[PDB]
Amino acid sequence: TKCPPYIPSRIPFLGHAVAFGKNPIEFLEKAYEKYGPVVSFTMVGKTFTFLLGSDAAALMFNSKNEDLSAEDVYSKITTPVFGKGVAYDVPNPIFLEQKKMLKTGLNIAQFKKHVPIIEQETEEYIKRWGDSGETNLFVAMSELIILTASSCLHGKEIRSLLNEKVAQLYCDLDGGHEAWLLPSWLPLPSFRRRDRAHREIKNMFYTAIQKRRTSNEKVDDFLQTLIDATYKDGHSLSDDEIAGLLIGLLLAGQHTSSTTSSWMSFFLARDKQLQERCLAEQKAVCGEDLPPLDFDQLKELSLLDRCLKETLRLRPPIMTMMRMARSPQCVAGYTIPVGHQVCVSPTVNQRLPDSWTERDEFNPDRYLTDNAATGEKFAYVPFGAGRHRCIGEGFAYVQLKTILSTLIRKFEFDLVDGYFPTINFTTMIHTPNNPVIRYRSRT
């Protein structure tokens, strides 16, 4: 019973709901100062124990689901979203069976095919912009990412079936507490047409899937990985299971990729020098005529890579990873009891003053010298770390770098009247005047 420091509260049940909810990052920064790397506090009935800093976060990253449980906090968040027999509604071994099926289909051989497809979808979409004007970038990315992701993981049959009609039918699907995401100004009807997309979208897949079943167009696309995929008991995945796995893979990468793409642009629309140094790198690595991209070139676009890593450092779309303690855990000379909701914050760890120089500046060149991203284990964890890591990370870098390149080539970006959008935790539904960006064609 040697429990970590616990921040007390004068408000019985809500605890620190207001203080924390007002600014979670500032709250936790202050808590690390006052209380150390492992602190507890009550919020709306639950005791939360945060692991702050790399050395404390090591507990969760090196943990097993039998001790720190995701299916005890992340299951009824996701199950109404992804479906039955898929995601956190199945036993971990068969859960991890499908995850190993997904990770096989997300390989370099496919990433080489994916880079062309992403550019075509970007070129036909961003033509809507025309010559010059101003767009809502968060909304712009939301729509583009759906198309790009759909035309890579779902196939061409399902892309053919896709129209501007269904793009927001994912929004009601997205609605269904859902994950500690960074708040953003994406289209937020959330309700849209609940219960209706579940029929529309699911049957969109059944039909497309049957075209691949009774036919001999066995191709190398992600869907053909799942149709031919067999469990380790021989039985292959059913019709509804394959659809659930594909729907869920586009949703887990939607807001994440969209929010990051937008923030990086805003960060580059603020610093015009870096936006030029990037364009230099583009025509210098690919040639001045800007020929179509391919996987290989992406690996040497290092400035873009360091801008993306710096974006993910300051604006990680997953704000907090959470687990429920089923067995007592030991960290920093403390024992976390059964029933605590153990939390790691990539945002905090990637901002901690005792680990990052110029913590709040968007400085991509910090990776050219020493930094915590390589010099520490769990100080830079946008995609997670260790045993708990994003399987879409490889597709993410490919998708994001291809998209941003296709943008920085065909456009230049700047802030409208100098407006740089800020995240507000105090505005429940009343966002401050929406985020807009300025675009103008190149040359």
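Numbers follow the displayed sequence, beginning with 1.
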Between neighbours residue 177 and residue 176, residues that the deposited sequence lists but the model omits: 1 to 3
Higher-scoring stretch by recorded Cα B factor average, 408 to 416 or 33 to 41: 408 to 416
Entry-level comparison of average CA B-factors, 267 to 275 and 198 to 206, reporting the higher stretch: 198 to 206
Deposited CA B-factor, highest of 359, 366, 315, 127: 127
Most elevated Cα B-factor in the entry, residues 281, 354, 119, 233: 233
Ranked against its chain, the third holding the CA B-factor of residue 83: highest
Among modelled residues of the same chain, the CA temperature factor third for residue 239: highest
Chain-relative CA temperature factor third for residue 165: highest
Chain-wide C-alpha B factor ranking for residue 248, given as lowest, middle or highest third: middle
Position of residue 143 among the chain's modelled residues by C-alpha B-factor, lowest, middle or highest third: middle
